[PDB]
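Student: The structure file my_file26.txt (compact mmCIF, N, CA and C atoms and all ligand atoms) is provided below.
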```txt
# COMPACT_ATOMS: atom_id res chain seq x y z
N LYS F 1 36.57 91.91 234.22
CA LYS F 1 35.12 91.93 234.00
C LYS F 1 34.65 90.61 233.44
N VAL F 2 33.36 90.36 233.59
CA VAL F 2 32.71 89.22 232.97
C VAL F 2 31.79 89.78 231.91
N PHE F 3 32.07 89.45 230.66
CA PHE F 3 31.28 89.94 229.56
C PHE F 3 29.99 89.17 229.42
N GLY F 4 28.99 89.84 228.87
CA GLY F 4 27.90 89.14 228.24
C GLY F 4 28.28 88.66 226.85
N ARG F 5 27.49 87.71 226.34
CA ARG F 5 27.80 87.10 225.06
C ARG F 5 27.86 88.13 223.94
N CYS F 6 26.78 88.89 223.76
CA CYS F 6 26.75 89.83 222.65
C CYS F 6 27.68 91.00 222.89
N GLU F 7 27.84 91.42 224.14
CA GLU F 7 28.83 92.44 224.47
C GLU F 7 30.21 92.00 224.03
N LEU F 8 30.58 90.75 224.31
CA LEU F 8 31.89 90.27 223.90
C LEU F 8 31.98 90.16 222.39
N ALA F 9 30.92 89.66 221.74
CA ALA F 9 30.93 89.58 220.29
C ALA F 9 31.22 90.96 219.68
N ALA F 10 30.55 91.99 220.20
CA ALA F 10 30.76 93.35 219.69
C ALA F 10 32.18 93.83 219.94
N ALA F 11 32.73 93.52 221.12
CA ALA F 11 34.09 93.93 221.42
C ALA F 11 35.09 93.21 220.53
N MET F 12 34.87 91.92 220.31
CA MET F 12 35.74 91.16 219.41
C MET F 12 35.67 91.70 217.99
N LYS F 13 34.47 92.09 217.55
CA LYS F 13 34.33 92.71 216.24
C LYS F 13 35.08 94.04 216.17
N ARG F 14 34.94 94.90 217.21
CA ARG F 14 35.70 96.14 217.25
C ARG F 14 37.19 95.87 217.24
N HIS F 15 37.66 94.81 217.71
CA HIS F 15 39.06 94.44 217.68
C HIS F 15 39.47 93.66 216.45
N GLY F 16 38.56 93.47 215.48
CA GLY F 16 38.93 92.86 214.22
C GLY F 16 39.08 91.36 214.24
N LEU F 17 38.49 90.68 215.22
CA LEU F 17 38.60 89.24 215.26
C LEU F 17 37.62 88.56 214.35
N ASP F 18 36.54 89.25 213.97
CA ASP F 18 35.56 88.63 213.10
C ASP F 18 36.18 88.31 211.75
N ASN F 19 36.16 87.02 211.38
CA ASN F 19 36.75 86.50 210.15
C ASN F 19 38.29 86.59 210.12
N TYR F 20 38.94 86.77 211.28
CA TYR F 20 40.39 86.82 211.29
C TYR F 20 40.94 85.45 210.88
N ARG F 21 41.80 85.44 209.85
CA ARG F 21 42.35 84.19 209.34
C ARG F 21 41.25 83.26 208.85
N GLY F 22 40.07 83.82 208.55
CA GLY F 22 38.96 83.05 208.05
C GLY F 22 38.04 82.48 209.09
N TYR F 23 38.28 82.74 210.37
CA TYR F 23 37.46 82.21 211.46
C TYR F 23 36.37 83.20 211.81
N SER F 24 35.13 82.83 211.52
CA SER F 24 34.01 83.71 211.79
C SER F 24 33.89 84.02 213.28
N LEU F 25 33.20 85.12 213.57
CA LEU F 25 33.12 85.65 214.92
C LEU F 25 32.59 84.64 215.93
N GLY F 26 31.61 83.81 215.54
CA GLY F 26 31.07 82.83 216.46
C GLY F 26 32.10 81.86 217.00
N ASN F 27 33.13 81.55 216.21
CA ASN F 27 34.19 80.70 216.70
C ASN F 27 34.84 81.29 217.94
N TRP F 28 35.13 82.59 217.89
CA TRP F 28 35.84 83.28 218.96
C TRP F 28 34.96 83.41 220.19
N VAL F 29 33.66 83.66 219.99
CA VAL F 29 32.73 83.73 221.11
C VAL F 29 32.59 82.37 221.77
N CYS F 30 32.43 81.32 220.97
CA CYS F 30 32.37 79.96 221.51
C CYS F 30 33.64 79.64 222.28
N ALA F 31 34.80 79.97 221.71
CA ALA F 31 36.05 79.69 222.40
C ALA F 31 36.10 80.40 223.74
N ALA F 32 35.74 81.68 223.77
CA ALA F 32 35.78 82.41 225.04
C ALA F 32 34.79 81.85 226.05
N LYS F 33 33.60 81.43 225.60
CA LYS F 33 32.64 80.87 226.54
C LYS F 33 33.22 79.65 227.22
N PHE F 34 33.76 78.74 226.43
CA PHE F 34 34.20 77.47 226.97
C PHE F 34 35.59 77.51 227.58
N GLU F 35 36.42 78.46 227.19
CA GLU F 35 37.71 78.64 227.86
C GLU F 35 37.55 79.31 229.22
N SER F 36 36.82 80.42 229.28
CA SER F 36 36.83 81.27 230.46
C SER F 36 35.46 81.68 230.97
N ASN F 37 34.38 81.24 230.35
CA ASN F 37 33.06 81.76 230.69
C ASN F 37 33.00 83.28 230.54
N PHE F 38 33.69 83.80 229.54
CA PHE F 38 33.69 85.22 229.22
C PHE F 38 34.31 86.09 230.32
N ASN F 39 35.26 85.53 231.05
CA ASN F 39 35.81 86.17 232.24
C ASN F 39 37.26 86.58 231.97
N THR F 40 37.50 87.89 231.99
CA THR F 40 38.82 88.43 231.69
C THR F 40 39.86 88.09 232.75
N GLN F 41 39.44 87.67 233.94
CA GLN F 41 40.36 87.40 235.04
C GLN F 41 40.58 85.92 235.24
N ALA F 42 40.02 85.08 234.38
CA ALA F 42 40.13 83.65 234.56
C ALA F 42 41.58 83.18 234.53
N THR F 43 41.88 82.26 235.42
CA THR F 43 43.17 81.61 235.50
C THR F 43 42.96 80.12 235.66
N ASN F 44 43.89 79.34 235.14
CA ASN F 44 43.86 77.90 235.32
C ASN F 44 45.27 77.37 235.37
N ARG F 45 45.61 76.63 236.43
CA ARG F 45 46.93 76.08 236.56
C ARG F 45 46.90 74.66 235.98
N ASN F 46 47.96 74.29 235.26
CA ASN F 46 48.09 72.98 234.66
C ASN F 46 49.18 72.18 235.35
N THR F 47 49.09 70.87 235.24
CA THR F 47 50.06 70.03 235.93
C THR F 47 51.45 70.05 235.30
N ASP F 48 51.64 70.66 234.13
CA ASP F 48 52.99 70.89 233.63
C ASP F 48 53.64 72.16 234.18
N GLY F 49 52.98 72.88 235.09
CA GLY F 49 53.54 74.09 235.65
C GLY F 49 53.17 75.35 234.90
N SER F 50 52.52 75.21 233.76
CA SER F 50 52.02 76.35 233.01
C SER F 50 50.69 76.80 233.57
N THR F 51 50.29 78.00 233.17
CA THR F 51 49.04 78.60 233.58
C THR F 51 48.40 79.19 232.34
N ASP F 52 47.07 79.11 232.28
CA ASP F 52 46.25 79.76 231.27
C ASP F 52 45.66 81.04 231.84
N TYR F 53 45.68 82.11 231.03
CA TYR F 53 45.31 83.42 231.51
C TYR F 53 44.28 84.11 230.63
N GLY F 54 43.30 84.74 231.28
CA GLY F 54 42.43 85.67 230.62
C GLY F 54 41.29 85.03 229.85
N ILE F 55 40.61 85.88 229.08
CA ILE F 55 39.35 85.49 228.48
C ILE F 55 39.50 84.38 227.44
N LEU F 56 40.67 84.23 226.83
CA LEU F 56 40.95 83.17 225.88
C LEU F 56 41.94 82.14 226.44
N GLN F 57 42.20 82.18 227.74
CA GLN F 57 43.00 81.17 228.43
C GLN F 57 44.30 80.86 227.69
N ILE F 58 45.06 81.91 227.42
CA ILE F 58 46.32 81.80 226.70
C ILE F 58 47.38 81.28 227.67
N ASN F 59 48.17 80.32 227.20
CA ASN F 59 49.03 79.52 228.05
C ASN F 59 50.48 79.99 228.06
N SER F 60 51.07 79.94 229.26
CA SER F 60 52.41 80.47 229.51
C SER F 60 53.53 79.60 228.98
N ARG F 61 53.27 78.38 228.57
CA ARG F 61 54.35 77.57 228.04
C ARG F 61 54.94 78.17 226.78
N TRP F 62 54.11 78.80 225.95
CA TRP F 62 54.59 79.38 224.71
C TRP F 62 54.35 80.85 224.53
N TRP F 63 53.30 81.42 225.14
CA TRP F 63 52.75 82.65 224.61
C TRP F 63 53.00 83.88 225.45
N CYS F 64 53.24 83.74 226.75
CA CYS F 64 53.46 84.90 227.60
C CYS F 64 54.44 84.48 228.68
N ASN F 65 55.05 85.47 229.31
CA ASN F 65 56.02 85.23 230.38
C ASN F 65 55.34 85.48 231.73
N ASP F 66 55.28 84.44 232.58
CA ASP F 66 54.80 84.60 233.94
C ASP F 66 55.89 84.39 234.97
N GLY F 67 57.13 84.17 234.54
CA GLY F 67 58.24 84.02 235.45
C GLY F 67 58.27 82.73 236.24
N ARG F 68 57.35 81.81 235.98
CA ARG F 68 57.27 80.61 236.79
C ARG F 68 57.01 79.35 235.97
N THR F 69 57.16 79.41 234.64
CA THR F 69 56.92 78.24 233.80
C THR F 69 58.26 77.83 233.20
N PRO F 70 58.95 76.86 233.84
CA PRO F 70 60.30 76.47 233.41
C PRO F 70 60.56 76.21 231.92
N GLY F 71 61.59 76.83 231.34
CA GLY F 71 61.94 76.53 229.97
C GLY F 71 60.94 77.01 228.95
N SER F 72 60.05 77.92 229.33
CA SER F 72 58.97 78.29 228.44
C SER F 72 59.38 79.44 227.54
N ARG F 73 58.49 79.77 226.62
CA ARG F 73 58.67 80.85 225.68
C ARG F 73 57.59 81.90 225.87
N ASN F 74 57.77 83.01 225.13
CA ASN F 74 56.94 84.19 225.23
C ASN F 74 56.75 84.77 223.84
N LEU F 75 55.97 84.07 223.02
CA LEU F 75 55.86 84.45 221.62
C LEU F 75 54.97 85.66 221.41
N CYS F 76 54.12 86.02 222.37
CA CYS F 76 53.35 87.24 222.24
C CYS F 76 54.07 88.46 222.78
N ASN F 77 55.24 88.28 223.38
CA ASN F 77 56.07 89.37 223.88
C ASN F 77 55.34 90.20 224.93
N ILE F 78 54.71 89.51 225.87
CA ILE F 78 53.99 90.17 226.96
C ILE F 78 54.18 89.38 228.23
N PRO F 79 54.10 90.05 229.37
CA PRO F 79 53.91 89.32 230.62
C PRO F 79 52.51 88.75 230.65
N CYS F 80 52.37 87.58 231.26
CA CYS F 80 51.03 87.01 231.38
C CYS F 80 50.09 87.91 232.17
N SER F 81 50.64 88.77 233.06
CA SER F 81 49.80 89.69 233.83
C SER F 81 49.00 90.61 232.94
N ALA F 82 49.50 90.90 231.74
CA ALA F 82 48.78 91.78 230.85
C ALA F 82 47.49 91.15 230.36
N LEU F 83 47.37 89.84 230.44
CA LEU F 83 46.15 89.16 230.05
C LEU F 83 45.10 89.16 231.16
N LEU F 84 45.40 89.73 232.32
CA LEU F 84 44.47 89.74 233.43
C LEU F 84 44.03 91.18 233.69
N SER F 85 43.68 91.91 232.64
CA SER F 85 42.94 93.14 232.82
C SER F 85 41.56 92.95 232.19
N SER F 86 40.71 93.94 232.39
CA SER F 86 39.36 93.88 231.86
C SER F 86 39.28 94.29 230.39
N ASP F 87 40.36 94.81 229.85
CA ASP F 87 40.45 95.20 228.45
C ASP F 87 41.02 94.01 227.69
N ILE F 88 40.31 93.59 226.63
CA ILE F 88 40.68 92.37 225.92
C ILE F 88 41.76 92.57 224.87
N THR F 89 42.31 93.78 224.73
CA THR F 89 43.23 94.03 223.63
C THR F 89 44.42 93.07 223.65
N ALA F 90 45.06 92.90 224.80
CA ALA F 90 46.25 92.05 224.81
C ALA F 90 45.90 90.61 224.43
N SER F 91 44.76 90.11 224.92
CA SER F 91 44.32 88.77 224.55
C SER F 91 44.03 88.67 223.06
N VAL F 92 43.36 89.67 222.50
CA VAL F 92 43.06 89.65 221.08
C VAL F 92 44.34 89.67 220.25
N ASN F 93 45.27 90.57 220.58
CA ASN F 93 46.48 90.67 219.77
C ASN F 93 47.30 89.40 219.86
N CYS F 94 47.35 88.78 221.04
CA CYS F 94 48.07 87.53 221.16
C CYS F 94 47.33 86.41 220.42
N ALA F 95 46.00 86.39 220.52
CA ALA F 95 45.22 85.41 219.77
C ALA F 95 45.48 85.51 218.27
N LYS F 96 45.63 86.73 217.75
CA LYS F 96 45.91 86.89 216.33
C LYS F 96 47.25 86.26 215.97
N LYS F 97 48.26 86.42 216.84
CA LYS F 97 49.53 85.74 216.64
C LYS F 97 49.37 84.22 216.70
N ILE F 98 48.65 83.73 217.71
CA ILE F 98 48.49 82.29 217.88
C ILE F 98 47.83 81.68 216.64
N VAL F 99 46.74 82.30 216.18
CA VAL F 99 45.91 81.72 215.14
C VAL F 99 46.60 81.76 213.81
N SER F 100 47.64 82.58 213.67
CA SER F 100 48.43 82.72 212.46
C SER F 100 49.67 81.85 212.50
N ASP F 101 49.89 81.11 213.58
CA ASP F 101 51.14 80.38 213.82
C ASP F 101 51.25 79.04 213.10
N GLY F 102 50.15 78.48 212.57
CA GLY F 102 50.21 77.27 211.76
C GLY F 102 49.19 76.19 212.08
N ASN F 103 48.48 76.30 213.20
CA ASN F 103 47.42 75.35 213.54
C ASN F 103 46.07 76.03 213.69
N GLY F 104 45.94 77.27 213.24
CA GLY F 104 44.66 77.95 213.33
C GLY F 104 44.13 77.97 214.76
N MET F 105 42.82 77.80 214.91
CA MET F 105 42.21 77.86 216.23
C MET F 105 42.37 76.53 216.98
N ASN F 106 42.98 75.52 216.35
CA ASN F 106 43.20 74.26 217.05
C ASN F 106 44.10 74.41 218.26
N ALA F 107 44.82 75.52 218.39
CA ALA F 107 45.61 75.76 219.59
C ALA F 107 44.76 75.88 220.85
N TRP F 108 43.49 76.23 220.72
CA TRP F 108 42.62 76.36 221.88
C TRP F 108 41.93 75.04 222.19
N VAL F 109 42.26 74.47 223.35
CA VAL F 109 41.73 73.18 223.76
C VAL F 109 40.21 73.20 223.77
N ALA F 110 39.61 74.22 224.38
CA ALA F 110 38.15 74.22 224.45
C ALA F 110 37.53 74.39 223.07
N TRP F 111 38.15 75.16 222.17
CA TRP F 111 37.59 75.31 220.84
C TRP F 111 37.66 74.00 220.07
N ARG F 112 38.81 73.33 220.10
CA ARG F 112 38.94 72.13 219.29
C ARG F 112 38.06 71.01 219.83
N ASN F 113 37.82 70.97 221.13
CA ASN F 113 37.00 69.91 221.71
C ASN F 113 35.51 70.21 221.68
N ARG F 114 35.10 71.48 221.77
CA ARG F 114 33.73 71.82 222.10
C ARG F 114 33.07 72.76 221.10
N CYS F 115 33.83 73.40 220.22
CA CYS F 115 33.27 74.33 219.25
C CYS F 115 33.43 73.87 217.82
N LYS F 116 34.62 73.45 217.44
CA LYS F 116 34.88 73.06 216.06
C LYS F 116 33.90 71.98 215.63
N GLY F 117 33.35 72.10 214.43
CA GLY F 117 32.38 71.10 214.00
C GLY F 117 30.98 71.27 214.55
N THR F 118 30.70 72.37 215.23
CA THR F 118 29.34 72.76 215.57
C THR F 118 28.98 74.02 214.79
N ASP F 119 27.70 74.37 214.81
CA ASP F 119 27.22 75.59 214.16
C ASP F 119 27.58 76.76 215.06
N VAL F 120 28.80 77.28 214.88
CA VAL F 120 29.26 78.31 215.78
C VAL F 120 28.59 79.65 215.52
N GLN F 121 27.99 79.86 214.34
CA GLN F 121 27.29 81.11 214.10
C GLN F 121 26.17 81.32 215.10
N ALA F 122 25.65 80.24 215.68
CA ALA F 122 24.62 80.37 216.69
C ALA F 122 25.08 81.20 217.87
N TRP F 123 26.39 81.28 218.11
CA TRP F 123 26.88 82.04 219.25
C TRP F 123 26.70 83.54 219.08
N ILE F 124 26.44 84.04 217.87
CA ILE F 124 26.18 85.46 217.67
C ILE F 124 24.72 85.73 217.30
N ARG F 125 23.88 84.71 217.34
CA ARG F 125 22.47 84.88 217.03
C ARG F 125 21.83 85.84 218.02
N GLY F 126 21.05 86.78 217.50
CA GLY F 126 20.40 87.73 218.37
C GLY F 126 21.24 88.92 218.78
N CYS F 127 22.51 88.95 218.39
CA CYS F 127 23.37 90.06 218.77
C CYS F 127 23.30 91.21 217.79
CL CL Y 201 21.65 76.32 217.60
NA NA Y 202 56.31 81.61 229.03
```
Take the structure from the file and write it as C-alpha cells.
Tutor:
Amino acid sequence: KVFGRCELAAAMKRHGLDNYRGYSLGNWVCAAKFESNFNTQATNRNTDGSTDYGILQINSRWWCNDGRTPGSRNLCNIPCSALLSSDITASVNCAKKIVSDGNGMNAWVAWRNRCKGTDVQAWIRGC
C-alpha cells in the first residue's frame, strides 16, 4: 500500500515509534517520505549488490536476508521479503533494532541527508 502522511503517522504511533529512542514521530514520517514516498512495496537496488526494501528502505547488507547480497548479515532476523507487505510491523520492529544499534537514525541515508536538522515536527502538522 501507499500510505497517506497522517495515516502513516497514526500507524507509526500505534506501533510505538513516536519518541522511540528519543526520536519524535515527525522524524520517522520524514524518513519514510524521502526513503520510499510512503510506499510499503518500494525497492531500490544498489551498486554494491544490496537492495533496500519497504517503507523505510531497510538494506540487505546488514539487516535482512534476501539470498542475493554476498557476505551480508541479517541482524533483524527476517527475510527481506517480509518488508514487502502492506503491514508495516516488520519494518517498524527492524527499525527499532537499527535505531538502537549505535548511530540512531543516521543509518537512514534519506533521513541524515534530508530530514535531520530540519523542523521535522512539521511532518505531523494537521494530523
Ligand atoms: Cl514548515
Ligand atoms: Na543480508
Student: Could you please extract the residues within 12 Å of ligand NA 202 (chain Y), counting only C-alpha atoms and all ligand atoms, and hand them back as a PyMOL selection string?
Tutor: chain F and resi 49-53+58-81
Student: Generate the output file for the selected residues, N, CA and C atoms, as a CSV table (one decimal), keeping the file's coordinate frame.
Tutor:
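Full text of selection28.csv as output:
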```csv
chain,number,residue,atom,x,y,z
F,49,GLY,N,53.0,72.9,235.1
F,49,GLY,CA,53.5,74.1,235.6
F,49,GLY,C,53.2,75.4,234.9
F,50,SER,N,52.5,75.2,233.8
F,50,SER,CA,52.0,76.4,233.0
F,50,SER,C,50.7,76.8,233.6
F,51,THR,N,50.3,78.0,233.2
F,51,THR,CA,49.0,78.6,233.6
F,51,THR,C,48.4,79.2,232.3
F,52,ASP,N,47.1,79.1,232.3
F,52,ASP,CA,46.2,79.8,231.3
F,52,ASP,C,45.7,81.0,231.8
F,53,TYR,N,45.7,82.1,231.0
F,53,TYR,CA,45.3,83.4,231.5
F,53,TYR,C,44.3,84.1,230.6
F,58,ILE,N,45.1,81.9,227.4
F,58,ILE,CA,46.3,81.8,226.7
F,58,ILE,C,47.4,81.3,227.7
F,59,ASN,N,48.2,80.3,227.2
F,59,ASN,CA,49.0,79.5,228.0
F,59,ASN,C,50.5,80.0,228.1
F,60,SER,N,51.1,79.9,229.3
F,60,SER,CA,52.4,80.5,229.5
F,60,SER,C,53.5,79.6,229.0
F,61,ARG,N,53.3,78.4,228.6
F,61,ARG,CA,54.4,77.6,228.0
F,61,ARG,C,54.9,78.2,226.8
F,62,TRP,N,54.1,78.8,226.0
F,62,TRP,CA,54.6,79.4,224.7
F,62,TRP,C,54.4,80.8,224.5
F,63,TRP,N,53.3,81.4,225.1
F,63,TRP,CA,52.8,82.6,224.6
F,63,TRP,C,53.0,83.9,225.4
F,64,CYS,N,53.2,83.7,226.8
F,64,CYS,CA,53.5,84.9,227.6
F,64,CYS,C,54.4,84.5,228.7
F,65,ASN,N,55.0,85.5,229.3
F,65,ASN,CA,56.0,85.2,230.4
F,65,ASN,C,55.3,85.5,231.7
F,66,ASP,N,55.3,84.4,232.6
F,66,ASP,CA,54.8,84.6,233.9
F,66,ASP,C,55.9,84.4,235.0
F,67,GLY,N,57.1,84.2,234.5
F,67,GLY,CA,58.2,84.0,235.4
F,67,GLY,C,58.3,82.7,236.2
F,68,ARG,N,57.4,81.8,236.0
F,68,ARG,CA,57.3,80.6,236.8
F,68,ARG,C,57.0,79.4,236.0
F,69,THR,N,57.2,79.4,234.6
F,69,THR,CA,56.9,78.2,233.8
F,69,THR,C,58.3,77.8,233.2
F,70,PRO,N,59.0,76.9,233.8
F,70,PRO,CA,60.3,76.5,233.4
F,70,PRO,C,60.6,76.2,231.9
F,71,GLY,N,61.6,76.8,231.3
F,71,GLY,CA,61.9,76.5,230.0
F,71,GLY,C,60.9,77.0,229.0
F,72,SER,N,60.0,77.9,229.3
F,72,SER,CA,59.0,78.3,228.4
F,72,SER,C,59.4,79.4,227.5
F,73,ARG,N,58.5,79.8,226.6
F,73,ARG,CA,58.7,80.8,225.7
F,73,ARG,C,57.6,81.9,225.9
F,74,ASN,N,57.8,83.0,225.1
F,74,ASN,CA,56.9,84.2,225.2
F,74,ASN,C,56.8,84.8,223.8
F,75,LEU,N,56.0,84.1,223.0
F,75,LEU,CA,55.9,84.4,221.6
F,75,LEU,C,55.0,85.7,221.4
F,76,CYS,N,54.1,86.0,222.4
F,76,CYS,CA,53.4,87.2,222.2
F,76,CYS,C,54.1,88.5,222.8
F,77,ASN,N,55.2,88.3,223.4
F,77,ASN,CA,56.1,89.4,223.9
F,77,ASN,C,55.3,90.2,224.9
F,78,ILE,N,54.7,89.5,225.9
F,78,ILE,CA,54.0,90.2,227.0
F,78,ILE,C,54.2,89.4,228.2
F,79,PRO,N,54.1,90.0,229.4
F,79,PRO,CA,53.9,89.3,230.6
F,79,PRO,C,52.5,88.8,230.6
F,80,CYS,N,52.4,87.6,231.3
F,80,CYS,CA,51.0,87.0,231.4
F,80,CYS,C,50.1,87.9,232.2
F,81,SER,N,50.6,88.8,233.1
F,81,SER,CA,49.8,89.7,233.8
F,81,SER,C,49.0,90.6,232.9
```
Student: Considering only strand (DSSP E) as DSSP defines it on the backbone, what residues of chain F qualify? List them as a PyMOL selection string.
Tutor: chain F and resi 43-45+51-53+58-59
Student: Excluding residue 9 of chain F and its own-chain neighbours fewer than 6 positions away, which residues fall within 7 Å of it when counting all atoms listed in the file? Please give them as a PyMOL selection string.
Tutor: chain F and resi 25+29+124
Student: List as a PyMOL selection string the protein and nucleic acid residues lying within 8 Å of ligand CL 201 (chain Y), with all atoms listed in the file counted.
Tutor: chain F and resi 119-123
Student: Looking at only N, CA and C atoms, which of F:57, F:44, F:118, F:24 is the one that sits closest to residue 91 of chain F?
Tutor: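 Among the listed residues, the smallest separation from residue 91 of chain F belongs to F:57.
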